[PDB]
């Protein structure tokens, strides 16, 4: 059961350089053939190139020529896939997987874990929490939905919990969307019976790890 | 450079039925193909290699066939843990391209999209940016369109959609669209409305609100 | 078990040169082997038996050679009714398996593949399935690739690429690909194209039509 | 080797199995490798395929002996045994009893490869997925190929045929180191020299 421990998330800036590692859990290498696969956010997979660790051979896809440089270190069993001249669209989740010392046939079977590599041009920014009041309390007389909008934060992720995680029924968390400016935003709403309104207090909390912020917005009705 | 396609793109099926995915090629890839099974937010895993063999540990319900320029992956019994995106990778020669994908969903009865709207808050109005949120919750199927009608005028180019994944308890979606615009623009109209059109709706339900008075 | 490899696969040659058909064997089949000739649409009559003899009625044109494990057929001054696939099957031990065979054909100058497109008619639209056919007439050599770009999207061969037999006058090929789809799939597309990639042509030509407006 | 009850494919062509220890041969060669199940058949003399063509070609006029027995306990570990390679691409065929270990990238097309794999330029070798859980025919088979040559040198390996007891005081047939005859053997009082 060969494992492939991979690096961690690395936010970078346009035009910079990145270096992802695919250390093989177990020691040194063998008759491998590790190859690198890139997956854009919410898209299909995309092959990049492969390396032969022990036999000392590597190449990249024709589209990535002159930009990707795959190297291996058989002493420690670690393969690197340094990428230079990072573009704005190169943000993706980069994988590494072994495919047998060959070129055609078997196909990759043991994968790493993914290394998110968001490339942009903005420093960490606190997320501005804004409450969405349960407006128009006349939908169906017994159902209501309310949430708190999280806007202009960077970078991912930001977990959202309601009442310190004491409520999960009818709770949604939409995926973050990259705005034109370059900051992320996501909503999080909860469906609550109209009877509970005006009697139970709901507070949503956020936890932006890079900016270590703990906000607590207590949602309110329209305040007459 | 060989290109692969997968048909169809959605392949909506209910549990217990039989699936049929076709990764039709473009050249001679006679017996060199592989199928991957990626659940959301995870790493892909190998299923079928050389278009007939099955990888170790895979349940026998997965059968692959076909050769030449037209292959087919067939699933006999759809377990709940078989709904994912299925990728095909041709391994004939350089480069080892991939396929589009086929997100296999759950098939259920049609449901009605509950609609809610939220005006921008006063605290959100401290800066010069105002955002309006129209929300659709527990609907099916995926196809749904939202249009904004600020001052009875169609608005475009300033909205962003966001769809959750299928729920694990009722298999219903949930869509949210935002209308980000400047404070001065928010002060240069009267009424705001979001219009939703769905297969499960007899009429295009539209929710609206007026500024200030609430 | 014995295996009889065949090389080459097509052996494109001219009327009146040296042919070097080979029958690379497995075992010691020194002299128990035969060659056959199958005219398309006919029964494969015998040509050579015991690897060095000749059947009755066989002209001096066909001369055989080879022994042991290597066996070769030499055709002297090819003749127009001597272009047919040749099978060499051993008759040493059980079983008497055949070979793949090589379809000898005429070598001519590279030609330009013409392209035609025919959309379905109203009568074909009375059914539940459409019928879109491309056409590649009078081209050379055999190898080709036909693709469809529907709505500027890479569609793949939802069809059966049919190739006709070599011409008896010009010795050129004709290709077809009946891209078929359902009526419901017909109306949600807008442009259909037939991509052609050829060695003889430097740039891939494409013939397309727009549905309805025609 | 014969009465071992552990060899799957103790069969061979040049000479009879029962007369192996009857002929004194020259320096017997021995080959060794591990292979799948589907192609132990083509390790025989005179076959063509993938391994009999580019890896280990055996001459038709073969006079050796071929061994093959299953070892799905030592060369198969969980996660595969990516340590047993085999060539699957070559310019031409292979002459009998030839060795090739060069790892120049094979060029299937008509374009320079520059020592780096690319379009129509495959790596020559290939690994074996020796999983512990495979059907028979994919499990490893250790193979030993023998060869007996009739070199003009006298001989170097004879057979340990037999040696029996001796009964004296009877008219019996005898054979001592090739010296046969008949007569009655009795103890002597001679003074033989060591040589």
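Protein chains in written order, with the entry's author numbering: chain D, 1 to 224; chain E, 1 to 214; chain K, 1 to 214; chain C, 368 to 562.
Just so it is clear, CB atoms sit at the ideal spot from N, CA and C, and this is done for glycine as well.
Can you name the residues of chain D whose CB is closer than 9 Å to the CB of residue i?
| i | result |
| --- | --- |
| residue 209/E | 135 and 136 |
Chain C beta carbons: is any one of them nearer than 9 Å to that of residue i?
| i | result |
| --- | --- |
| residue 102/D | yes |
| residue 3/K | yes |
| residue 56/E | yes |
| residue 76/D | no |
| residue 92/D | no |
| residue 64/D | no |
| residue 1/D | yes |
| residue 143/D | no |
| residue 212/D | no |
Below 8 Å on the Cβ atoms is my contact criterion, and I expect residue i with residue j to pass it. Report the Cβ-Cβ distance as a whole number of Å.
| i | j | result |
| --- | --- | --- |
| residue 156/K | residue 24/E | 4 Å |
| residue 206/K | residue 194/K | 7 Å |
| residue 18/E | residue 75/E | 6 Å |
| residue 38/E | residue 87/E | 6 Å |
Could you tell me whether the Cβ of residue i comes closer than 9 Å to any Cβ of chain E?
| i | result |
| --- | --- |
| residue 177/D | yes |
| residue 154/K | yes |
| residue 498/C | yes |
| residue 9/K | no |
| residue 44/D | yes |
| residue 68/D | no |
| residue 159/D | no |
Could you tell me which chain E residues have their CB closer than 9 Å to the CB of residue i, listed as they occur along the chain?
| i | result |
| --- | --- |
| residue 481/C | Within chain E, no residue comes near residue 481/C; the closest Cβ sits about 13 Å away, beyond 9 Å. |
| residue 157/K | 5, 24, 25, 26, 69 and 70 |
Give the residues of chain E in contact with residue i, contact being defined as C-beta atoms less than 7 Å apart.
| i | result |
| --- | --- |
| residue 108/D | 46 |
Going along chain C, which residues have a C-beta under 7 Å from residue i?
| i | result |
| --- | --- |
| residue 68/K | 427 |
Taking all protein chains shown into account, decide if residue i is buried (16 or more other Cβ within 10 angstroms of its Cβ) or exposed.
| i | result |
| --- | --- |
| residue 152/E | exposed |
| residue 145/E | exposed |
| residue 233/K | It is not possible to answer for residue 233/K, since the shown part of chain K is limited to 1 through 214. |
| residue 424/C | buried |
| residue 104/E | buried |
| residue 432/C | buried |
| residue 495/C | buried |
| residue 158/E | exposed |
| residue 440/C | exposed |
| residue 59/D | buried |
Can you list the residues of chain D that residue i reaches, using a CB-CB cut of under 7 Å?
| i | result |
| --- | --- |
| residue 91/E | 104, 105 and 107 |
List, in chain order, every chain D residue whose beta-carbon is nearer than 8 Å to that of residue i.
| i | result |
| --- | --- |
| residue 393/C | None at all; the shortest Cβ gap to chain D is about 37 Å. |
| residue 199/E | Within chain D, no residue comes near residue 199/E; the closest Cβ sits about 21 Å away, beyond 8 Å. |
| residue 493/C | 100, 101, 102 and 105 |
Would you kindly work out how many angstroms separate the C-alpha atoms of residue i and residue j, rounded to a whole number?
| i | j | result |
| --- | --- | --- |
| residue 200/K | residue 166/K | 18 Å |
| residue 28/D | residue 11/E | 43 Å |
| residue 31/D | residue 375/C | 29 Å |
| residue 149/D | residue 129/D | 6 Å |
| residue 143/D | residue 111/E | 17 Å |
| residue 91/D | residue 42/D | 12 Å |
| residue 104/D | residue 509/C | 25 Å |
| residue 557/C | residue 518/C | 41 Å |
| residue 486/C | residue 93/E | 7 Å |
| residue 172/K | residue 164/K | 9 Å |
| residue 115/E | residue 124/K | 44 Å |
| residue 407/C | residue 435/C | 7 Å |
| residue 133/D | residue 216/D | 15 Å |
| residue 175/D | residue 186/D | 6 Å |
| residue 102/D | residue 49/D | 13 Å |
| residue 138/E | residue 171/D | 11 Å |
Residues of chain K with CB under 7 Å from residue i, in chain order?
| i | result |
| --- | --- |
| residue 416/C | 3 |
| residue 413/C | 26, 27, 28 and 69 |
Answer yes or no: does any C-beta atom of chain K fall closer than 9 Å to that of residue i?
| i | result |
| --- | --- |
| residue 408/C | yes |
In chain C, which residues lie less than 9 Å from residue i when you measure between Cβ atoms?
| i | result |
| --- | --- |
| residue 148/E | Near residue 148/E there are no residues of chain C at all, since even the closest Cβ is about 50 Å away, more than 9 Å. |
With respect to 8 Å, is the separation between the Cβ of residue i and the closest non-hydrogen atom of the ligand NAD below this value?
| i | result |
| --- | --- |
| residue 19/K | Among the components modelled here there is no ligand, and therefore nothing to report on the ligand NAD. |
Residue i versus chain C: which residues are under 8 Å apart at the beta carbon?
| i | result |
| --- | --- |
| residue 94/E | 484, 485, 486, 487 and 488 |
| residue 32/D | 449 |
With a threshold of 9 Å between beta-carbons, can residue i be considered close to chain B, or not?
| i | result |
| --- | --- |
| residue 200/D | The structure shown contains no chain B; its protein chains are D, E, K and C. |
Could one say the Cβ of residue i lies closer than 9 Å to chain D's Cβ atoms, at least one of them?
| i | result |
| --- | --- |
| residue 17/E | no |
| residue 478/C | no |
| residue 401/C | no |
For a contact meaning CB atoms closer than 8 Å, what does residue i contact in chain E?
| i | result |
| --- | --- |
| residue 145/K | 26 and 27 |
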